[PDB]
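Asker: 3D model of this:
(chains A and B)
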Amino acid sequence: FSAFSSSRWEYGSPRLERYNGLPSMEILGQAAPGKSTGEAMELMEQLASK
Amino acid sequence: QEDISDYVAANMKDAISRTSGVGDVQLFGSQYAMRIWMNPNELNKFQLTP
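Answerer: Numbers count the residues shown, from 1 in each chain, chains lettered A, B, ... in the order given. Shown next is the structure:
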């Protein structure tokens, strides 16, 4: 194999995700105590907006 | 036309066809494909065939 090949070390994903047919990455979280899911989700949306 | 059709097909068609209540979605165009436009004269010059 050395006569017709070369070797390298690179980086690759061991598990690739997709959502609705597009490449995706899943993030799980939870709202801080005393805070509802709605406001935490709004904050997450604002963070994604940037 | 090719670029707009490719964008619609590769970024819009799949999601629209997967939307609730949508049946058949007909693209007025086509996706990009790697087109190899062969020249018979050049193939003959190099003794090649498709």
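Asker: Would you mind measuring from residue A:39 to residue A:8?
Answerer: Per Cβ to Cβ, to the nearest Å, residue A:39 is found 48 Å from residue A:8. Any C-beta I mention is one placed from the backbone N, CA and C, and that applies to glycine too.
Asker: These two - which one has more neighbours?
Answerer: Neighbours were tallied for residue A:39 and for residue A:8 using other Cβ atoms under 10 Å in any protein chain shown; the higher tally belongs to residue A:39 (11 against 4).
Asker: ok, that one to residue A:49 distance?
Answerer: Distance from residue A:39 to residue A:49, by Cβ to Cβ: 15 Å.
Asker: With residue B:23 instead?
Answerer: Applying Cβ to Cβ to residue B:23 and residue A:49 gives a distance of 34 Å.
Asker: pretty sure residue A:18 is in a helix, no?
Answerer: No: using DSSP: H, G, I helix; E, B strand; the rest coil, the assignment for residue A:18 is strand, not a helix.
Asker: So for it, what's the nearest residue that isn't a sequence neighbour?
Answerer: residue A:24 (5.5 Å; Cβ to Cβ, 6 or more residues apart in numbering or on different chains).
Asker: and the residue of chain B found nearest chain A, what does it touch?
Answerer: Using Cβ to the nearest Cβ, the closest approach of chain B to chain A is made by residue B:14 at 5.1 Å. Listed by Cβ atoms under 8 Å, 6 or more residues apart in numbering or on different chains, the contact set of residue B:14 reads residue A:21.
Asker: Help me confirm that it is found in a helix?
Answerer: Yes: per three-state DSSP, residue B:14 lies within a helix segment.
Asker: Excluding residues flanking it in the chain, which one is nearest the residue nearest the centre of chain A?
Answerer: For chain A, residue A:25 is the residue whose C-alpha lies nearest the centre (Cα atoms, centre = their mean; 2.6 Å). Computed as Cβ to Cβ, 6+ apart, the closest residue to residue A:25 that is not its neighbour in sequence is residue A:17, at 6.0 Å.
Asker: quick one, what contacts the one you found?
Answerer: Counted by Cβ under 8 Å, 6+ apart, residue A:17 has contacts A:23, A:24, A:25, A:26.
Asker: Good, wrapping up.
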